[PDB]
Each structure stands twice: as C-alpha cells, then as structure tokens.
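Take a look at the structure below.
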Amino acid sequence: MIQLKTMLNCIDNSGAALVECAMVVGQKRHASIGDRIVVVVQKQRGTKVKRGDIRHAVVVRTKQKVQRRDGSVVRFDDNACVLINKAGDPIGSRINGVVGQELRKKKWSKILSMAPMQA
Amino acid sequence: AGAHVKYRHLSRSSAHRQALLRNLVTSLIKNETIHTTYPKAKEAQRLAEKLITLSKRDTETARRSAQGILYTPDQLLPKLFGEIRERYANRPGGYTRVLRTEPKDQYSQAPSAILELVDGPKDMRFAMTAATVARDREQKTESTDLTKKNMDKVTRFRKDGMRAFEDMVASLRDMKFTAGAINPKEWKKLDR
Amino acid sequence: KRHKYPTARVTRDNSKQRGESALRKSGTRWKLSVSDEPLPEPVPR
Amino acid sequence: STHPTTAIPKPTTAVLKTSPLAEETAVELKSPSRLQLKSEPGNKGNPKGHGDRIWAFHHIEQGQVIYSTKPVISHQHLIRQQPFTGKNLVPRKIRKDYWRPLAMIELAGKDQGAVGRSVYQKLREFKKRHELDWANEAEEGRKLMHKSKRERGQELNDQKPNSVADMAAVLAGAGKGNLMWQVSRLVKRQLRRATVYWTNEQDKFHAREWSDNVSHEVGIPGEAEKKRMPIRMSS
Amino acid sequence: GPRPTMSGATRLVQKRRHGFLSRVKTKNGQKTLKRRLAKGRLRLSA
Amino acid sequence: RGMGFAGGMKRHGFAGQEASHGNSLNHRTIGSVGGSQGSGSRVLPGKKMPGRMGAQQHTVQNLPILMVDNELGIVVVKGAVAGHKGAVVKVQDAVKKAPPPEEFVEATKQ
Amino acid sequence: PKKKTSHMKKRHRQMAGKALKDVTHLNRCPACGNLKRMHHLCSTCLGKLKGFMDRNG
RNA sequence: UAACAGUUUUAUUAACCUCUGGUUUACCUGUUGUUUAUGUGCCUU
RNA sequence: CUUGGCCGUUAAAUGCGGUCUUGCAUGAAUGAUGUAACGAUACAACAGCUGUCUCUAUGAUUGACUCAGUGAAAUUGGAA
RNA sequence: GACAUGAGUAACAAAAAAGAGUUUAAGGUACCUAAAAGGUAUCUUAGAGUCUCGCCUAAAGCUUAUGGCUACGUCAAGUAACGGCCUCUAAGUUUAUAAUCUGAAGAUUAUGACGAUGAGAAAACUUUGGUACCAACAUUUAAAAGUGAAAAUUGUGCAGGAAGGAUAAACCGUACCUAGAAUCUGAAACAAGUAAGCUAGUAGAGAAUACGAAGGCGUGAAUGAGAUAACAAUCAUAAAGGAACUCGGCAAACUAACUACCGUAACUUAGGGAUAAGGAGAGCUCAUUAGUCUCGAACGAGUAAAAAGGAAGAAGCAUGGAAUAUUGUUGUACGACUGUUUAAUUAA
RNA sequence: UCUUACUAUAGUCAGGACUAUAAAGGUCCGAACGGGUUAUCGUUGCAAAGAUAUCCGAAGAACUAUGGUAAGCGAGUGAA
Ligand SMILES: [K+]
Ligand SMILES: [K+]
Ligand SMILES: [K+]
Ligand SMILES: [K+]
Ligand SMILES: [K+]
Ligand SMILES: [K+]
Ligand SMILES: [K+]
Ligand SMILES: [K+]
Ligand SMILES: [Mg+2]
Ligand SMILES: [Mg+2]
Ligand SMILES: [Mg+2]
Ligand SMILES: [Mg+2]
Ligand SMILES: [Mg+2]
Ligand SMILES: [Mg+2]
Ligand SMILES: [Mg+2]
Ligand SMILES: [Mg+2]
Ligand SMILES: [Mg+2]
Ligand SMILES: [Mg+2]
Ligand SMILES: [Mg+2]
Ligand SMILES: [Mg+2]
Ligand SMILES: [Mg+2]
Ligand SMILES: [Mg+2]
Ligand SMILES: [Mg+2]
Ligand SMILES: [Mg+2]
Ligand SMILES: [Mg+2]
Ligand SMILES: [Mg+2]
Ligand SMILES: [Mg+2]
Ligand SMILES: [Mg+2]
Ligand SMILES: [Mg+2]
Ligand SMILES: [Mg+2]
Ligand SMILES: [Mg+2]
Ligand SMILES: [Mg+2]
Ligand SMILES: [Mg+2]
Ligand SMILES: [Mg+2]
Ligand SMILES: [Mg+2]
Ligand SMILES: [Mg+2]
Ligand SMILES: [Mg+2]
Ligand SMILES: [Mg+2]
Ligand SMILES: [Mg+2]
Ligand SMILES: [Mg+2]
Ligand SMILES: [Mg+2]
Ligand SMILES: [Mg+2]
Ligand SMILES: [Mg+2]
Ligand SMILES: [Mg+2]
Ligand SMILES: [Mg+2]
Ligand SMILES: [Mg+2]
Ligand SMILES: [Mg+2]
Ligand SMILES: [Zn+2]
C-alpha cells in the first residue's frame, strides 16, 4: 500500500536508489503491486536519473500482504519499484531482485521479461 | 457499537470483579450458602460449578487451579477435595442453585437471590419442600404434582435420601412449624 | 556469629514486630519460654 | 507471621495453679538448665548488685505497667514495653504525677543477680503474651472481643491485675528455664526464697494464691522519703 | 474576588491590633471606644 | 445484523472532526445540522442523524448456486448474505436476470 | 426555558403514560399460604427455615 | 470429443467475516521486583 | 510599493539562510557591529518517531440510560 | 414576602473497592398463644464487632502546634521524661520622665519602662577578644564497630558574620481534631491550603522508583443496585505508510537511568562546547582467589562470608527482565549570562 | 494576620556529578520545597483561579516561620 510520501527502493539500473511517492496514477486507493505512481528521486547509485528528477514508477513488491485468487498471500520485507516513462517502457535494462507475480495480469510483460526471479 | 458483553461487569474494574467472585465462592464453600444480589449469584454460580469440577479431578493441575480461586486454601482445600468431592461424585453437573428472594436491602430494592449448594446442610429448597409436605400431612391435604417433583429432586442424589427428608418433616411437626398455615383450599376466598 | 564485619550476610528479619498487634490478637511472632503455659488469670478489680 | 494460642487446658511448671485452665502443676517439660541445678548462681557478667532487686511501676489511672531493673524508669521503657493499643491511648512521655511504684521484688541471695534477670525475663514475656494472644479474655472474664476497639484498647492498657498474677506465677516457678528453681540432683528440687514489697496491701490480692517462698512487706524503700505513705488494709 | 487572608492568622495579633489596651492608650483609640460605646456595642474591641 | 443506536460515523459515514488540533469535546460529533434563517430556521426533513441501525431487510442480487445437496439440505451460494447464523432468509430467482430454461421449470414441477 | 410550562402540558408529561403499574404476579406460599411473589421464596418461611436449620442439625 | 490453458479497470453504495489483517482487561505460556498464606527446609555424634 | 533582484533549501518557497551600489521611513552609549556560552523566547531545515493524518476500528473505567433514596439552578408577559 | 416554572430534571463520578456472617438497645409488623406476657421471624433508627479483599504508606499512620460554634472529671516544684508565669534583652513600641522643636493635635533626642521569633544555674537525684568567637561551609571528637544528633576542636572563603543579664515547692496550660473520611483557613461535611518530630522492612547512591509491617481508611443513604447504546472524559493497542495533519509536529510517540567503559566536531572570552555526537556493557549459573573473614589442624577446607573475577556456560521472542529519569542535530533573530515581572488571560 | 519592601530573631535544602579546594561556584543532573512553560479537562467547576500530564529553578539576587516598621491632599511599597 504505497501512498503519498512513501519511500521506495528502486531496483533497476536507471540511476535511482530511493524514491518518494508523490502521486497514485489512475486511482484514489493506495497503490499495490503493479500500480503506477509518480516518484521523486532522493538518492542515486554509483542518461541516469539525477536526484530530484520526477519519473513514473511501477510497484513491483510491497510490504503489505497481497491476497491472490487461490488464497495464496505474499509479503515482502520492503517496498520496491522500477522507473518507467509516460509511454510505459522501463527506463532501466536490468532488474536486480525478486518482483511480485501480480505484474503479469496488469499488462507488465516487459518488466517481467528481465525479472530474474518471480515470487 | 462493538461486540456484546461476554459476561456481567457489575460496574467494577477487572481486578475488583475477579476478587468479588473469588470471595462469593469462598463464602459459599465455607458457609454452604450465601444471600447476595441476583446478578452476583449468577456470575459466581458459573465459577462455583467450575471449581467443583476441579475437585473431581485427579491431576495436580486441578489442585493448583483450585488453590488459585479460594482466598484461604489451607483452610478450605481439604473441604473442597473432601466432603464436597464425595457429595457430587455421582451428579453430572448442576451443583449449585440460585433462588430469587425479596430485596435483601430495602433501601435500594435490588433483586436478590440465594446461591446455595444442592444436597447441602443448608439447602433451602429441601427444607421448603419438607415444610410443604409437613403442612400437607398435618392438614390432610394431597401434595401437588409440583411438590412430588421437588421431593424427588432433593432426595435423588442425597446420601441418606428419603430418610434424611422424612426426619426433616418429622422435626417440622414436633416443633409446630406449620402452625397458622393457611389451608390451600381457602386461598380462593382471601382478598388479602 | 561467625562473620562480624559490618557487611556480613544478613539473614535476620529486621522488622522485629512483623504482623504483630494487640488489638487484633495476632499472637507472638516467635515461640517464647512462657508460650506453652496458661496465662495466669487475676482477680478482677 | 504469628501464631496465637487457644484458651485450652495446659500444664504448668509452677508449683501452684496459675489459672483454672492449668491441668497439672510442677511438671518438668525440660531437663534442668545450666544454672537451674546450681546452689549459688552469681552475677558473672553483670554489674555489682544488678538482679538483686526488681521494680514494677504502674499508671495509677489507666493501669499500664512497666518493669525495670533500676529504681527508676526512663523513656526507653515506655517505647520498648508499651504496644500500640489505639489512638490517644499510648502516652507520648512518662508523667511524674501518674506513674508510681507498684511493687518491688527482692531475692534472698544478696549476690545471685542471675536469678533476678530471669524473673524479669519471664515477667516481660508474660506481659507481652497478655497484650498479645489474650485468648483467655476474649469470651470470658473481661470479654475483650465483645468490646469496641476503643474500649478493648483501654482494657488492654490495664495490665496491673495481670502483672500481679504474673508475679505469683513466675515466683512459683512458672516458665521454662526459670532460675527460681534449685535442683539438687544428688533428684529433689525446691524454690528460692523471695520478698515482695507492696505500696498497696490490697494490690497483692489480684493473685488468687501465692507461693510459700514469698514474703510480703508493706512499703517500698525510698517511698517514705518522698512523703508517699503506703496503703494498709488493716489500718 | 476575595482571598483567604485569615489563613495562618494568630490570636496574639488580634489583641495587639484590635485589643482594648490598643485603644484606651491612644488618642485615636478613645474615639472608637466612645463611638462604639455611644452606639451601645457590647464588644468594644476584639 | 442489528447494531443498536449508532452514531454518525457508523450510520452515515460521517468523517468526524480533528483529534488534537484544539478540538474541544467534538471528535465524533455530526457538526452543523443546517443553515440559519435563510434555510428555513429549522432542521430540514431527511437530515442524517444518529439513531438505531440494522435489523432491516437487505437483498443481495445475482448470487450463483455453487453446490446443491439434498441429503444435507444445503444450497451453497457465492458471496455473503445478510443477517446472523441461524436466521431465516428468502431465496428466489434473480429478478434482473432471464428466468431459468423452460425445460427446468417443467422438470422441477414434474 | 423561554416560557413557563403551563399546567396542561406539565400534567401531560407527569401522568399520561407514567402511572404506577400494579403488580399482578403474586401467588401464595406452599408452606404457610402467605402472599409471596411469583417465582420467589416466601420471606417469612425463608428466615424461619434459615433459623431452624441453624439450631438443630 | 475429452483433457489442459486463457477470458477488464476505476469510482461509489450497501451488506458480510470464508480469506488477509486489527482488536482481545474472567484464555494458555514465559518472566522481573516485592508482599502474604501453606508446605518444606543446614551440619554433626 | 512588494511575493524587491539573484543563489541555496522544497517535486512545487509570500517562508528560512546567503547576497545586492538593496534605505517611502538604518545608524553609532533612545549606543553601532560580529563571535563563545546560556534560553519552557521567536522562526526555519534534517534524521528518528509516532493514530497528527490517509482512515479509522476494537478494548477498559467513570459518566451518560433504567430502578430505589435525597433533591438544585439560570430562566419564565400569557400561550391551544 | 409567599408560591409556581425549569423538574422530580441536573447532581451525590479525588480512577482505593468492596463481599459474606454475627450481635446490642429501643421501637414497628406477622405468626405462635389468647392468663397477661414471652418466644420465633422480619423491618426501621442509632451502634458494635468477626473472616476475606483492596487503598494510603517520607501517608490517607503516630505524636504535637497555629487554630477551634467539636466536648468539658484534661490531675506536674524541677531534671531524667515540660511549657508558660518569672529574670535578660533584639527589631521595635511608649497618654512615663527631662530637654528641645512645634498653628493645636503633636514631633524629636536621651533615659526609663515594656517588648521573643532568641538567651536563662543545678539534677536519679537537684535547689579576656585568635589567650578569641559560636554566622556559613568543611573537618575531627563520647572508643568493640557503624550511623544520627548535641556540644566542642581545627581549618577555609569573603559577603567579615546579635544584645543584655548572668550563674519544701503557688498560679496557668494538659481533653479531642491535624484534614482521603465527621472538628483548622477557603461563605460549606469544598479533589485547594497550613508548622515541628517520628514515619517497619526489602531494594538502591538516594527522602528517587516498586512492593507495604503496624496503623488508618475504603465518607453522616452526602447514596445504593443494574445495564454496558450514541457521545464525552481519562486511557491501552494497532496492518501498510510515516507529518500526506495543521496557522504551527499542538498533542502523542521515539529517546531515557546507570558504569570509576570507549570515543567525541566546528567554534571559542581558552573556562568551555561536552553527559556533545556515536558506540559498549548489564540479569541467572559457574571456573578461578593475593589479602581480609570463618572452620579444622605452616597447611587444608569453605561464599550457609563481604568482595573480586573471566574470550566460561544455561534457558527464553526478549536478561537497562517490572516501575522510575521525554529525542538528536543544524542555520538565524532578540537579549551577554543566573535572575525579576501584570496574585487570578500577555514570563517575553 | 493578604500582598510589596525593609527589619530582628530562627529554621530548612535526599543523593549524585564536575571543578583549584575537605571547605572558595548567582556550577551541573535531580527529590523535598519553591515556581507556573505547554496542553487537555473544568466553566451554575471539587475550586469566585482547581485537576492531570508536561515543563523550570532547586548553595542562592534562595526558600520558609514568628514579630516589627512604612499606605490614602502630598502617594506607601514597587529587579517598574
Ligand atoms: K485584592
Ligand atoms: K479532548
Ligand atoms: K423554528
Ligand atoms: K476476518
Ligand atoms: K511549673
Ligand atoms: K504641635
Ligand atoms: K500505525
Ligand atoms: K463543558
Ligand atoms: Mg453503579
Ligand atoms: Mg492490576
Ligand atoms: Mg493527649
Ligand atoms: Mg500569615
Ligand atoms: Mg446481536
Ligand atoms: Mg479522524
Ligand atoms: Mg418559516
Ligand atoms: Mg471465523
Ligand atoms: Mg484465570
Ligand atoms: Mg544616542
Ligand atoms: Mg541594546
Ligand atoms: Mg431517580
Ligand atoms: Mg430536560
Ligand atoms: Mg436523563
Ligand atoms: Mg445523573
Ligand atoms: Mg424487634
Ligand atoms: Mg523588661
Ligand atoms: Mg520564646
Ligand atoms: Mg479536603
Ligand atoms: Mg490531603
Ligand atoms: Mg470546612
Ligand atoms: Mg516518593
Ligand atoms: Mg485520620
Ligand atoms: Mg463500603
Ligand atoms: Mg508496524
Ligand atoms: Mg503540509
Ligand atoms: Mg493541507
Ligand atoms: Mg510536543
Ligand atoms: Mg552477558
Ligand atoms: Mg533461543
Ligand atoms: Mg534573558
Ligand atoms: Mg533565566
Ligand atoms: Mg497574568
Ligand atoms: Mg504579615
Ligand atoms: Mg545552580
Ligand atoms: Mg536541576
Ligand atoms: Mg510570581
Ligand atoms: Mg501565565
Ligand atoms: Mg540550569
Ligand atoms: Zn411461607
């Protein structure tokens, strides 16, 4: 459940290390796995994104439990995301870490294509 | 707005409500009967019947739980696992009885009751039924179906049984306890 | 007393008159030499 | 934790019957002590003269009693001998105009100071067991349990009658380890001679019966000098 | 509003201020006594 | 399910007021109840206010039938149903859906 | 209060539906035949029987 | 034919505890200080 | 005049800090000016922290409600 | 002035708390019994007590003051175990005297008198100026040891620390109350306020914190019994997020105490900053012991001795285990600083 | 007899820490005690100035007690 002023961990090679949520795109309810948001980069890693840049991101895993159709619930230890452009393509070329499996149904095939392990 | 109450709180705190029930069950076992308010007699009845179930167990966990309910275990534990255990060996539940009475305190006019131990030395329904049979035999009347039903209730599980009930009736006639009792055949003719 | 220094292990009850009252008839704390005999009864005033 | 006894018949070590509950008399509940089987116990580790005389003071209005080895009492006695018996019932000090000598016990042995320190010990333990563990006065006699906490504390302050019955008991061998016995163990035992000085001749009749080893004298030494004349029944 | 100005008040300061000797021994105090005596007061002072 | 006398938050979803920024005794209250003289000088009919809530009939529409067991006597339906366990409910074909096939309506009658 | 409540309206509130209800759940006692309350014990027999079991037993 | 696999989102109103959580002031377990009652309790000949 | 211009801080600065050759109407014991230390003074930022909030829910006690006892007050031209 | 309305409504909620027996006096009922009486049971009024439970506890306990619309059998030559009266005087007062000044009233200086909040011989019998002084602070001292006073000894700092007199038992006080349970001040039976001494023990550096022995209390029906809705007060917990709240982090939460531990920046009036920051340790069991102590016979043994002690070990989610001590850092304005201020809306 | 200042005689300030001192400091942490910073409650209140929590000082320009002095044409006292 990502909302305004929520700190996330960016797990792609786009240049950001810690982004802050500024807007939930397309809904009023707090964003869960596979939902769009507008973040503000607060930390970087050493056309990368500079600290203070505004980008769109996709929640890949959250710390709030996510129930599934078959009753299987998942819970991660932190809230993460990957930066995207307004068109919907990921900025980064590689994702390091486990991503949520709820991205398949939410039309995020490209993000899962380079996802090493799904949970 | 929330859930319903599990039991009666009796306008007391948690710690104060547990000591009230441990004191009512302590006075009941010690004295065999208590006269209190009806809500207290019904809240202590559930704890008095769960303490007598611990007196019919063979494990030590029951002896430690019964020690944590009474306020003078050293003086009352022998009676619990002694006389009380022997009395209720054959009875499957229902060791206590709550009987409504007139307000014990006339200032507040609060409904009161008498919590007592069945088949005990101070059973009020055993003496009230013996006084009804003592008045029926001294007035040449016929006991009602409700009296015959109570005569069997108070004599089924009692040790001496009928013999202890006939002696109670005999003592209530040699004492003239039914003197001045209005005959039941003249109740329809009395306005007051 | 084996150890006498002022820091010796304390194993005595420093509250001498513990649970002791005359109005409530609590009784003597310890057993005295006169505790096994009947209290002498005087002639009233 | 305390343990109160019950007013049940028990045996006495004294030669007389102290109370009606006393079943037997002159019963040996323990072998003679070290100094009991001794013809002449002495003031081994006490000052010269200590133990030869024992004074007893009492409140002439309320009956509170105090025992002292010296001819005068101090503030230590009032604190260490008077238990709390209610509000406004324990004096904050000793008032010279209320406290007078009740009696004075003098032993025959002019230097057996150890025999007096024992009599003073049983008198103080009996007085403590009269203000505490008074099961024999709860439902009989004064019936202290049938009185209010105020009146009950006023009857507990009146230890003058009890104290006199304590003297006839202790001086008659009451108590275990009483040093007023004398076992020869050649095994015959007897009681040591004693003398009791009374400021009031009528104060010695609180004891139903006195032993045969006590002699009663009127007036206490040092009383006449204070212009206080003793009370004589015969007059 | 009023205050508790008589808390801790002693009765020795009542005789020194509004006592009888404080009035018979002073020129202005004889007036008070004579005034109160003419009116018929019983409590001339304190 | 009966809920007794309910307030404004539970009965009408009122947001309530602040918790610590100076609020005096008005944390769960309804607030204002209408306008002044120009609005009628009265509380208007239909005003949402505290009162008893629950213990009223409620219909749930379009619930499929998952299981039908004659021996047990149960008819399992998807979703939730109004009331407490042990309460009597009325089950009937949906009104916003086409009736069951003609063949079935005759088979059951047969 | 803006105006004093009249006698008519104050009598409406005090007696309209607030009459004292007469207890009709009474029945005689089986041991003595006194008027006791339904489902309740006879107070005259309770005290007497409670005192009769204390003397002898 | 069988089998296997896939067949919207947001907002809002209400109901509802199967699931995921929150709560648990007479439930179980662990534990600190201290008091009270009961039992028990050192060495040696 | 005015949210003065510029820079830093904020995703966004009428604020804060720095700076200007910046004074409708700064100024030198009605003292001028800059530090250490001190401050329940006033303003601003960071980290942590949290029911402050997203968005409330449940639980406890005392009142609130009912029965018994005692028994006020402001107020009131009269009121269907 | 009387009597209405609100209204038989609010209120009798200091977050201590009550439960079950027993009993005395007088009186009111019902029955027994009709020879009145008495007996049994119950209710009312005014009490008393027992068992259990809880609350206060460096108090809500005890002993006493100030004081008192509570009540009158409260008892002293003095010390131990007592004040006043009485003697001496301070700050001061004076319709005392003298002198002087002054529209009268009065005022002034000196002397006298009076004036405690101070000083006053002896007793567990008794009647000169550091050769100093008895302000503060520290130190030392009634010899088995420790502790708390008294008085004295010695020393330190500057802010430089009274006066005077000496040296056979009268008269007055004496009861109760000390503010959480019937008494003082607050218009009152008010959740406020008021002096001195004592104020168990465990545990600690401690009068902190927690428990609480005795004691008192859990109010004069000025209340009691139920029920446990909204809402209010006072609290507890909380998914994910963590100031998005708001004039503003208001409130709340985090943090916290302790060790003879480690370490600690810019700047600085060189003292500080600083307990900066940031880290480590803690309870239970135990190897080990130079001395001290104990036991037996130099040595041996012992923590049913105080301590020391270690990279030892055990169990649990957790050993600052419960309670007590309320974040850290940074840039400015104002005023150097500690302090003072509108008793009861502004504390700056 | 409140309160303000002065005055005489008296009393009180657990414990710990730093500092040149055994004792030399309008030093530090923190009870008693003394203040009354912020907040909520209360507002015909328990109180015509109270309750709870929090906060400040706590060897000093400190606090407290029993007396005394100065107040009402002019103004007594006043860290104002
Ligand atoms: K005033
Ligand atoms: K509030
Ligand atoms: K209207
Ligand atoms: K659920
Ligand atoms: K005198
Ligand atoms: K003149
Ligand atoms: K939360
Ligand atoms: K209000
Ligand atoms: Mg109630
Ligand atoms: Mg508790
Ligand atoms: Mg007295
Ligand atoms: Mg005063
Ligand atoms: Mg229901
Ligand atoms: Mg809200
Ligand atoms: Mg209109
Ligand atoms: Mg379920
Ligand atoms: Mg339990
Ligand atoms: Mg100038
Ligand atoms: Mg200036
Ligand atoms: Mg009522
Ligand atoms: Mg109304
Ligand atoms: Mg109402
Ligand atoms: Mg009410
Ligand atoms: Mg009667
Ligand atoms: Mg003089
Ligand atoms: Mg004096
Ligand atoms: Mg009060
Ligand atoms: Mg108080
Ligand atoms: Mg009063
Ligand atoms: Mg304390
Ligand atoms: Mg008291
Ligand atoms: Mg009570
Ligand atoms: Mg959480
Ligand atoms: Mg904001
Ligand atoms: Mg906003
Ligand atoms: Mg705050
Ligand atoms: Mg460790
Ligand atoms: Mg483990
Ligand atoms: Mg300042
Ligand atoms: Mg200051
Ligand atoms: Mg003000
Ligand atoms: Mg004054
Ligand atoms: Mg200081
Ligand atoms: Mg401090
Ligand atoms: Mg002030
Ligand atoms: Mg203020
Ligand atoms: Mg400070
Ligand atoms: Zn009957």
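Brief remarks follow.
This table checks each residue for (1) facing chain B (nearest Cβ under 7 Å); (2) closer than 28 Å to B:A170 by Cα; (3) surrounded by fewer than 16 Cβ atoms within 10 Å (Cβ to Cβ).
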| position | (1), (2), (3) |
| --- | --- |
| G:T5 | no, no, yes |
| G:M8 | no, no, yes |
| G:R11 | no, no, yes |
| G:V23 | no, no, yes |
| G:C29 | no, yes, no |
| G:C32 | yes, yes, no |
| G:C42 | no, yes, no |
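- D:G109 vs. criteria more than 16 Å from the chain's Cα centre (by Cα), surrounded by fewer than 22 Cβ atoms within 10 Å (Cβ to Cβ) and not in a strand (DSSP E or B): yes
- Those residues of segment D:1-21 which are touching a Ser or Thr at 6+ places or on another chain (Cβ under 6 Å) and within 12 Å of C:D36 (Cβ to Cβ), in sequence order: D:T12
- Flag for C:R18 being in a loop (DSSP other than H, G, I, E, B), within 24 Å of D:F84 (Cα to Cα) and either out of contact with any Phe, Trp or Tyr (no Cβ under 9 Å at 6 or more places or on another chain) or more than 7 Å from chain D (Cβ to nearest Cβ) (or both): yes
- Some residue of segment D:32-50 being surrounded by 13 or more Cβ atoms within 10 Å (Cβ to Cβ) and within 13 Å of chain C (Cβ to nearest Cβ): yes
- Among (1) among the charged types (D, E, K, R); (2) surrounded by 19 or more Cβ atoms within 10 Å (Cβ to Cβ); (3) over 26 Å from D:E225 (Cα atoms), the one test that D:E28 misses: (2)
- Failed item in (1) under 16 Å from the mean Cα position of the chain (by Cα); (2) surrounded by fewer than 18 Cβ atoms within 10 Å (Cβ to Cβ), with C:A22 passing the rest: (2)
- Residue in segment D:81-88 that is loosely packed, with under 13 Cβ neighbours inside 10 Å, in a loop (DSSP other than H, G, I, E, B), of a type in the set (K, R) and within 13 Å of chain C (Cβ to nearest Cβ) present: yes
- Output for segment B:69-87, where each listed residue is outside any helix (DSSP H, G or I) and either aliphatic (A, V, I, L, M) or surrounded by 11 or more Cβ atoms within 10 Å (Cβ to Cβ) (or both): B:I69, B:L70, B:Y71
- Any hit, segment A:60-81, residues being of a type in the set (G, A, S), part of a loop (DSSP other than H, G, I, E, B) and in contact with a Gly (Cβ under 9 Å, 6 or more places away or on another chain): no
- The single condition among (1) within 26 Å of D:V90 (Cα to Cα); (2) surrounded by 15 or more Cβ atoms within 10 Å (Cβ to Cβ); (3) facing chain C (nearest Cβ under 8 Å) that D:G175 does not satisfy is (1).
- From F:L63, F:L72, F:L44, residue being more than 30 Å from F:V91 (Cβ to Cβ) and away from chain B (no Cβ under 14 Å): F:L44
- Test: residue in segment F:17-28 that is more than 14 Å from chain B (Cβ to nearest Cβ) and away from ligand 2 (no atom under 16 Å from the Cβ): no
- Just one of the listed residues (A:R36, A:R68, A:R61, A:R55) is surrounded by fewer than 16 Cβ atoms within 10 Å (Cβ to Cβ) and not aliphatic (A, V, I, L, M), and it is A:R68.
- Taking segment B:132-147 as the range and being crowded, with 16+ Cβ neighbours inside 10 Å and either within 13 Å of RNA strand J (Cβ to nearest atom) or of a type in the set (D, E) (or both) as the test, the residues that pass are B:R135, B:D136, B:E138.
- If you check B:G93, B:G161 for being more than 16 Å from the chain's Cα centre (by Cα) and either among the aromatic types (F, W, Y) or at positive phi (or both), only one passes: B:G161.
Results for (1) more than 11 Å from every other protein chain (Cβ to nearest Cβ); (2) in contact with a helix residue (DSSP H, G or I) (Cβ under 6 Å, 6 or more places away or on another chain); (3) within 19 Å of B:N90 (Cα to Cα), shown as yes or no for each residue.
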| position | (1), (2), (3) |
| --- | --- |
| B:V118 | yes, no, yes |
| B:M128 | no, no, no |
| B:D145 | yes, no, no |
| B:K153 | yes, no, yes |
| B:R163 | yes, no, yes |
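- Pairing residues of segment D:207-222 that are within 14 Å of chain C (Cβ to nearest Cβ) with residues that are crowded, with 16+ Cβ neighbours inside 10 Å and assigned to a loop (DSSP other than H, G, I, E, B), at Cβ distances under 7 Å and at least 6 apart in sequence or on separate chains, gives D:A207/C:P42; D:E209/D:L16; D:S211/D:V15; D:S211/D:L16; D:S211/D:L171; D:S211/D:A172.
- Residue within segment B:91-109 that is in a helix (DSSP H, G or I) and within 14 Å of chain G (Cβ to nearest Cβ) present: no
- The residue that is nearest to B:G2 (Cα to Cα), among those in segment F:1-56 that are in contact with a helix residue (DSSP H, G or I) (Cβ under 8 Å, 6 or more places away or on another chain) and away from RNA strand I (no atom under 11 Å from the Cβ), is F:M53.
Here is a yes/no grid of residues against (1) more than 8 Å from RNA strand I (Cβ to nearest atom); (2) hydroxyl-bearing (S, T, Y); (3) within 14 Å of chain F (Cβ to nearest Cβ); (4) assigned to a strand (DSSP E or B):
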position: B:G2; (1), (2), (3), (4): no, no, yes, no
position: B:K6; (1), (2), (3), (4): no, no, no, no
position: B:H9; (1), (2), (3), (4): no, no, no, no
position: B:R12; (1), (2), (3), (4): no, no, no, no
position: B:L20; (1), (2), (3), (4): yes, no, no, no
position: B:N23; (1), (2), (3), (4): yes, no, no, no
position: B:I29; (1), (2), (3), (4): yes, no, no, no
position: B:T36; (1), (2), (3), (4): yes, yes, no, yes
position: B:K40; (1), (2), (3), (4): yes, no, no, no
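- The single condition among (1) closer than 18 Å to G:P30 by Cβ; (2) away from chain G (no Cβ under 14 Å); (3) not in a helix (DSSP H, G or I) that B:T141 does not satisfy is (2).
- Selection from segment D:122-161 of residues that are within 8 Å of chain C (Cβ to nearest Cβ), under 22 Å from D:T12 (Cβ atoms) and not in a loop (DSSP other than H, G, I, E, B): D:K122, D:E125, D:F126, D:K128, D:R129, D:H130, D:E131, D:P161
- Just one of (1) part of a loop (DSSP other than H, G, I, E, B); (2) closer than 30 Å to D:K110 by Cα; (3) out of contact with any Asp or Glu (no Cβ under 7 Å at 6 or more places or on another chain) fails for D:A174. It is (3).
- Boolean, C:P40 is in contact with a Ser or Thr (Cβ under 8 Å, 6 or more places away or on another chain), at the interface with another protein chain (Cβ under 7 Å from one of its Cβ atoms) and either among the acidic types (D, E) or in a loop (DSSP other than H, G, I, E, B) (or both): yes
We place every Cβ from the backbone using ideal geometry, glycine too, and count neighbours over all the protein chains shown. No lab work stands behind these numbers, since they all come straight from the coordinates.
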